[PDB]
Amino acid sequence: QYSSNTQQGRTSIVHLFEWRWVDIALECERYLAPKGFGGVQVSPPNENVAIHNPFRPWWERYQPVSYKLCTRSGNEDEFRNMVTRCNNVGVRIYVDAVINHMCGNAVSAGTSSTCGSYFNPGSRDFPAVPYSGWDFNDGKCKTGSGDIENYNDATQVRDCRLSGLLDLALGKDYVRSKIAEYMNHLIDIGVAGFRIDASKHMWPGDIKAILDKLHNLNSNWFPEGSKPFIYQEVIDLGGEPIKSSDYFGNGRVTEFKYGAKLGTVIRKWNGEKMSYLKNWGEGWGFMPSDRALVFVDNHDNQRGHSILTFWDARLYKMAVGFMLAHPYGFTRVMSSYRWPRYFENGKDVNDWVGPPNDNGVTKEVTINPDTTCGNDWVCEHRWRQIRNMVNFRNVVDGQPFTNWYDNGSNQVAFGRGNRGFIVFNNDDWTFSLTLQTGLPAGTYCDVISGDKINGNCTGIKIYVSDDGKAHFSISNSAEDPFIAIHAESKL
Ligand SMILES: [Ca+2]
Ligand SMILES: [Cl-]
């Protein structure tokens, strides 16, 4: 469960949040494959509640109605078509598995669902599964409201309703089996692994019993003995009875401390500065590198404060660049859509808005001639600075963090063995200095500013001498105040 199962030489996953299956399939072929992306985290592919007030919020996909592969992203045929096409070009698919719960207990009964299946939350009836009252934790939960009231009580956090979401009885073999049936459907289609949604709200042991029932990965694409990559969503900033380490037996765990702290540092808030990043990783109190699933932002937290997002493009690129260059963790890059972020004083009242759509029909991703995307899809994963750092990470895979430099403030640099070097200026003055890069002598294309094409560079050239040293000059007024070079950007 700890192996990503990506094709040899690919180290990142991208979240194509709310993208349709046909667009992901195309993206695998035209972009993700040639640009070295390891795989795609897809939005939940199972049937969910169609919520019409507010109008089709992104969060309706976190309220299951059944396990039919039938959503606004597409139907089963489209999902299967995507998985096959992506696997055929060496790009994996990872499914956001929503298995802790079905929908909100107050949602009206009917067929307001993405595949039209009937369901009745009040009577606990989901006949498309099927599940009935006996399959929820109503009787097991001990809180007066039936919902989670206190995170200091690990028991209720697991057995009670998260914000009223009907809580599945994962202690029961029937329920475990129905979830495994769904995940096995996905595995056989060709899925390489799962983001396990709301893992904190499930007993580590119940997750295990579910994973125990899964098939090995599809033997047309994966070697014998291959198991689904597992990364569990657990927000653990400390101070709670439930810890990320409680889930290590099942697979990787999201390290939410990662983006939170990085955001703080790059914004230079709370006294933080980039020079402090010299011991980034376990030195900052993070979980073991071999268990961490890292990211600067995710689909939930890019909607709140502090976290760096595409809205903060300049600092965001820097944060993502640092993440992709640093050996800690397994990296996930975000890809978003733009929504009319309207604030009512520290409150984005439009943080619920779903993907770009025509009367609820998700819009296709259009590609502009300059490689950006239209229809309000942000496509951060296509931004040159990020796309090139995704490749940097592949190029330097396995090389140790070395050659750290800092000016005691916010000008820092470091290398990855003899294969890559990166330099950042987040201070309010110019960074002009000769640094030891650890790289072989030569002329290297800076892949932040440009690209190596046909024996020359479109952007900045860095000259590494025989002793491995090179001069770097980065103005604080630079749009992208960082430079990155690697073995494959050498002329
Ligand atoms: Ca639960
Ligand atoms: Cl996540």
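Along the sequence shown, the residues carry numbers beginning at 1. These values consider heavy atoms only, across backbone and side chains, with no hydrogens, waters or symmetry-generated copies. In each ligand, atom 1 is the first atom listed, and ligand 1 is the first ligand listed.
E380 and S335 make their closest contact through OE1-CA, 3.2 Å (heavy atoms, listed as atom of the first residue, atom of the second, distance). Across every non-hydrogen atom of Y94 and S4, the tightest pair is OH-O, 2.6 Å. Listed here is the closest heavy atom pair of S12 and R393: OG-CD, 3.9 Å.
Only protein N, O or S atoms were scored, and 5 of them lie under 3.0 Å from the Ca ion (ligand 1).
Taken to the nearest 0.5 Å, the CG atom of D312 stands 10.5 Å off from the CD atom of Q302.
Aromatic rings from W280 and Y258 are positioned such that their centres are separated by under 6.0 Å. Under the 6.0 Å cut-off for aromatic ring centres, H381 and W19 qualify, their centroids lying closer than that.
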